[PDB]
Structures are given as structure tokens and as C-alpha cells.
Amino acid sequence: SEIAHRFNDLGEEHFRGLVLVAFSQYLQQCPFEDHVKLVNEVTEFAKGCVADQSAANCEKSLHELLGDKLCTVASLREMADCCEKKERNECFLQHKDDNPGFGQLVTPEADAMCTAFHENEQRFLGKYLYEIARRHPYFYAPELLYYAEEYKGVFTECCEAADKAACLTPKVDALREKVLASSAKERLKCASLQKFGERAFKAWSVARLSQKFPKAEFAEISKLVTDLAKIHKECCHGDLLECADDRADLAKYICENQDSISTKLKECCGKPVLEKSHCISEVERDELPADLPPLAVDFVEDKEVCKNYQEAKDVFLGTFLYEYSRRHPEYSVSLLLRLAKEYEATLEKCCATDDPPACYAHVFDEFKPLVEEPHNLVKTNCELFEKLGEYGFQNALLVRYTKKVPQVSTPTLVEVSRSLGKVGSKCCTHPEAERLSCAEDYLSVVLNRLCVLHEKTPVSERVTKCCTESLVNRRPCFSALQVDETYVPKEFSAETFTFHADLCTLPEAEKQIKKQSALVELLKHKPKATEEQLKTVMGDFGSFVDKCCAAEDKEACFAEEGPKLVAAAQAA
């Protein structure tokens with residue numbers, strides 16, 4: 001039996017959690033109580049499979065069981081369309097929503113939250129899991145469990161502290177930020193596996209793993225990246241139980257082979273399964289051995305370049321990226337992979353041209369301008385970030401990227417531009433030796449979110465091209481783009497600017513979000529004449545909103561001065 005095996009390996013509680021996040025990812029709009037009952041029934045049946053491995057349905061697969069369980073009340077609807085199939089799993093996964101119309105989480109006060117957490121922390125943590133996974137349907141299944149344990153620790157500490165609210169707000173913000181980072185990074189792995197292939201994913205994971213553990217053998221990281229590609233294959237295909245079990249088994253194998261990998265794993269393996277898997281998942285980069293010679297001896301000056309590459313090209317290039325990455329933790333993964341593709345094409349064209357050795361002796365000349373452009377842009381953009389701050393950074397980036405692609409929906413423009421602005425708060429704070437890595441990897445993640453949001457409703461052709469071609473050339477692609485002229489400017493309409501009075505009661509974050517959305521409409525309506533007039537109008541917005549909010553009128557000054565500043569703004 002399958003369910004009996006998973007239940008033996010994963011335990012009852014973790015089982016309940018993984019089933020709950022499964023149903024919360026497949027059914028995002030469904031209320032919580034239904035998920036409670038369904039998880040209860042699933043565990044109820046799994047215990048029976050553990051008692052008798054030959055029971056009626058215990059020989060069935062997981063997808064058949066879960067689909068059968070979902071189509072009892074899920075036929076109430078476009079989720080009854082997949083229930084007319086048996087293909088059904090791929091239908092369900094296709095009907096996942098990357099951007100669901102779910103609010104950005106409502107939070108009660110401190111004492112009510114502590115009352116709910118004390119009252120029953122099972123339903124409390126389960127509610128947290130449901131609310132997190134229902135907005136992020138492509139979250140790493142075990143990592144969500146560990147983050148749930150961190151949530152448990154947060155409430156356990158703050159409900160016994162001096163002031164529960166002051167203790168609880170910044171911690172909730174912290175775990176929120178880390179959780180959104182984990183979900184943002186995981187969305188790129190499922191985008192590489194489902195759309196770019198285990199070849200591309202294996203290249204990426206080989207680059208990062210070689211950067212993290214330079215002391216390991218190439219065969220070790222080859223088998224390891226194979227296994228990792230397997231477990232992420234299962235997590236991206238909705239196979240959450242076998243993904244969690246396989247992750248636990250991988251952590252076990254790594255802890256049984258400490259000498260063969262690194263020296264930074266001594267204190268990670270002395271933790272519970274999820275603390276172990278998180279600890280390993282972000283352990284600091286290891287030191288480099290001493291028995292390493294020059295790369296040019298084996299990969300440029302060597303005489304076996306064409307014959308060895310012709311014997312096994314994927315293993316050859318994998319060894320190339322392995323040797324290049326383990327000596328450069330200061331490069332981004334995308335940079336290393338771009339260099340690997342340039343080397344691949346070089347070996348593809350030189351071994352057939354006039355003289356192989358002579359012309360592939362000039363690879364470094366090709367490698368010079370590829371490393372320059374990233375560091376140039378992290379220099380320039382960290383300069384701008386330090387000059388303007390995070391808010392002005394997001395604003396200037398909104399100018400740049402609205403002029404880049406004016407066909408994009410405004411919530412996606414602002415949503416991607418603010419996360420773009422967070423790269424200065426995240427990476428420019430680090431020393432310059434860890435700037436390009438953090439920076440470019442983060443940028444490829446953000447642009448990945450942009451491409452998976454543009455995939456739902458394509459609108460611009462250039463976005464389509466820069467999202468379809470190469471996964472690694474994604475960040476450079478967007479940098480090569482500039483102002484678009486196929487777009488015809490939008491006319492100021494009776495909807496683009498007349499907002500409402502409740503804006504005075506909303507917090508500063510959403511107020512700045514509205515400021516930037518109106519700024520996006522401003523940029524779209526007239527992209528050319530956009531000198532200091534953008535700032536001149538953007539300041540008048542704040543002047544009007546503040547002077548009218550600070551009047552305590554019963555929604556009069558807003559409707560009055562609303563129809564004025566649309567024409568006063570069109571005149572500028």
C-alpha cells in the first residue's frame with residue numbers, strides 16, 4: 001500500500017499537515033471547514049491502511065484517491081470539468097491560480113490572537129497553513145511545515161511576553177517576509193521544471209550546489225542534483241507526500257555522508273527533520289580546497305577538447321560548470337550558466353571550423369564582456385538605491401519599466417516594481433563580494449513572477465519574447481529592452497483617477513501603492529513628455545490628498561476637487 005508507506009514514513013501529524021496543504025493548494029476558494037473534514041477523512045482511511053495493508057482501496061494510487069475525494073463536493077462549481085475525467089491530475093494542476101483574488105490577510109488584535117492560539121493551536125496552525133498555501137499554490141510542501149513551526153514559536157514567545165502586540169507585529173512581519181521569499185524562489189523552480197526541463201533545472205542546481213559545497217566530488221553533486229530534481233519534480237507535479245518523504249530521505253543521506261560533501265553540516269544534522277532540511281537548505285558557503293589548478297589548462301589549452309566533448313557533451317559541460325562555479329561564489333548562478341552556454345556554442349562552432357585549438361584558445365575574450373554588464377548594473381542600481389531610498393527606487397523603476405512595457409496591467413507593473421525595489425534593501429546592504437549573486441538571482445526570481453503573471457493573459461509581444469526564450473537570459477533580456485512605440489497613449493478616462501475618501505483611513509503601504517498606481521496611469525497616458533512634469537504632478541497628488549483628507553469634510557472636497565485635477569493633470 002502507498003498510503004501506509006507514506007504514513008509510516010511521515011507520521012500522523014505531518015501527514016495531516018501535508019494533506020491539508022494539498023487540498024489548500026488545489027482548492028484555494030473553498031472555505032476552511034470543508035478542508036478540515038476532508039483531511040480528517042483522509043487520515044481516518046490512512047490509519048485503516050496501516051492496520052491492514054491489503055484493505056480495499058489501499059492498493060490504489062494517491063492521485064486517484066485524492067481526486068475521488070475531491071469530486072464529492074467539488075462537483076459544485078470550472079472544477080466540475082476535471083471531475084468528468086480520470087488527465088484529471090494535470091487538469092487540477094492546470095486550474096491552479098497564480099494570482100487569486102484573495103485579500104492580503106486580515107489580522108485581529110494581540111489578545112484575541114493569543115486567545116485563539118492558546119484555545120486550540122491545532123486549528124490555529126492549520127488555519128495559518130490554509131491561509132498561506134491558498135494564496136501561494138506553488139509553495140514547497142515541507143518548507144511550509146517548518147515555517148509553520150516558526151509561527152508556533154512566534155506565538156509561544158509573544159503570548160508570554162510583556163506587551164503581546166508590540167512583541168507580535170514585527171515578528172509577524174518577519175515570518176511574512178521570509179515566507180514570501182521562499183514562495184517566490186520556489187515558483188521559479190516549478191517554472192524551470194514544468195517549462196524548461198530537468199536539463200535546465202539540473203544545470204541551475206549544479207551551479208548553486210557547486211557554489212555552496214566546493215569540496216565535494218562532481219559525481220556526488222551529480223547524483224545529488226539528480227535526486228533534488230526528482231523531489232522538486234514531485235513537488236511541482238502535486239506529488240506532495242512523496243516529495244516530503246524524498247526530502248527527508250535526502251537529508252538523511254546527506255547526514256550519512258558529511259565527509260563527502262562539506263564541513264558546515266555538523267550542527268545542522270543534530271536537529272529535527274524539518275529544522276534539518278531548512279538548516280541544510282540554507283547553510284553558508286564552504287571553504288575551497290587547495291589542490292586546484294587553472295581552468296585554462298583543462299578547458300582551453302588542453303588537447304582533448306573536441307574529442308572529449310564529442311564523447312559525452314552533457315557530462316563534459318556539467319564538469320565545466322562544476323569547476324567554474326566551485327571557484328566563484330561571487331558570481332550569480334545566471335552569470336555562470338550564461339558563460340556555460342557561451343562555452344557550449346564555442347565548442348560547437350570551433351571543432352568544425354579551420355583549426356579547433358587555435359580558435360577555441362580565445363574563449364576568455366568572449367568571457368570578458370559577459371561578466372562586465374552585470375556588475376555595471378549592480379553598481380549603477382545600488383548607486384540609485386542609495387541616492388533615492390527604497391520608495392524613490394520603486395518609483396524610478398516604475399518609470400523605467402512602464403516605459404519598457406506600457407501594455408502591462410497596472411497591478412502587475414506596480415507589484416513587480418516594488419519587489420524590484422526590495423533588491424536594494426536586501427542585497428546592496430551586503431559587501432560587494434556578495435552583491436552580484438544576491439542581486440541577479442533575486443532579479444531572475446522577480447522577473448519569473450512577472451512572466452508567470454503575464455502568462456495568464458498575454459498583452460505585450462516583447463514581454464512574451466523575453467519570457468519565452470531562455471531562462472538564464474531573462475534578466476539580460478529585460479535590460480536590453482527600452483522604450484516602446486507600438487503602444488498608443490491612453491486617454492484620461494472617467495475612472496483613471498477619481499478615487500474615494502476612505503483613502504485617508506488606509507495605511508501608508510497601500511497609500512503608496514495607490515500613489516504608484518496613479519503614477520502608472522500617468523506614465524501610460526503620455527509616455528513622451530515625461531521630464532520633471534511627472535514629479536510635478538505626483539507632488540500635487542500628495543498635496544491634494546493630504547489637504548483634502550485633513551479637512552474632515554463628509555466626502556465633499558474629494559468629489560469636488562476630483563474632477564478638477566484630472567484636467568489640471570492633463571494640461572501638464
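Residues numbered from 1 in each chain as written, not as in the entry; some residues may be left out. Heavy atoms only, no water. Residues with missing side-chain atoms left out of burial classes, pairs and counts.

### So, the overall build of the protein
- In terms of regular secondary structure, the protein is built from 26 helices and zero strands.
- Taken against the 2.2 N^0.38 rule, which gives 25 Å for 572 residues, the C-alpha radius of gyration of the protein at 27 Å falls within 12% of a compact globule.
- Based on the C-alpha atoms only, the size of the protein along its principal axes is roughly 80 × 70 × 55 Å. (Helix = DSSP H or I, 4+ residues; strand = E, 2+ residues; numbered from the N terminus. Rg over C-alpha atoms; globule rule 2.2 N^0.38 Å.)

### Re the domain arrangement of the protein
- Partitioning the protein into domains gives domain 1 (1-97), domain 2 (98-187), domain 3 (195-286), domain 4 (287-372), domain 5 (373-484) and domain 6 (485-562).
- Once you take the C-alpha centre of each, domain 1 and domain 6 turn out to be 47 Å apart. (Domains from an automatic or database assignment.)

### With respect to the state of the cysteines
- The disulfide that involves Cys-71 links it to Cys-83, with 2.0 Å between the sulfurs. Residues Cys-71 and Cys-83 are joined by a disulfide whose S-S torsion is about -95 degrees; by sign, that bridge is left-handed.
- The disulfide bridge from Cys-382 ends at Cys-428, spanning 2.0 Å between sulfur atoms. Between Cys-382 and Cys-428, the disulfide has an S-S torsion of -95 degrees and is therefore left-handed. Residue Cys-382 is located in helix 19 (residues 363-404), and its partner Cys-428 is located in the loop between helix 20 (410-426) and helix 21 (435-454); the two are separated by 46 residues in the primary sequence.
- Between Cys-30, a free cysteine, and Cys-83, which holds the nearest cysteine sulfur, the sulfur-to-sulfur gap is 12 Å. (Disulfide = S-S within 2.5 Å.)

### With respect to the packing of aromatic side chains
- Their ring planes at 85 degrees and their centres at 6.4 Å tell us that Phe-299 and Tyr-343 sit as a pair that is edge-to-face. With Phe-299 in helix 14 (residues 295-299) and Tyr-343 in helix 17 (residues 333-350), this pair connects stretches of sequence that are 44 residues apart.
- With a centroid separation of 5.7 Å and an interplanar angle of 65 degrees, the aromatic rings of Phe-320 and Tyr-324 are classed as edge-to-face. Placement of the pair is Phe-320 and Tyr-324 together in helix 16 (residues 313-325), with a separation of four residues, close to one helical turn. (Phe/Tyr/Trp six-rings, centres within 6.5 Å; stacked < 30°, edge-to-face > 60°.)

### Notes on the UniProt feature "disulfide bond" in the protein
- UniProt pairs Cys-255 with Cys-269 in a disulfide, and the coordinates agree: the sulfur atoms lie 2.0 Å from each other. On the criterion of sequence distance, the pair formed by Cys-255 in helix 12 (residues 240-255) and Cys-269 in the loop between helix 12 and helix 13 (273-281) is long-range, its members being 14 residues apart.
- Here the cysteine sulfurs of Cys-306 and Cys-351 are separated by 2.0 Å, meaning the disulfide UniProt annotates for them is intact. Of this pair, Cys-306 sits in helix 15 (residues 305-311) while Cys-351 sits in the loop between helix 17 and helix 18 (356-360); the two residues are 45 residues apart in sequence, bridging distant segments of the chain. (UniProt positions renumbered as here; feature names shortened; annotations may be inferred.)

### Considering the environment of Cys-167
- Checked against the element boundaries, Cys-167 lands in helix 9 (residues 164-195).
- With residues up to four places along the chain from it excluded, the contact list for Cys-167 reads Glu-157, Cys-158 and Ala-161. (Contact = heavy atoms within 4.5 Å.)

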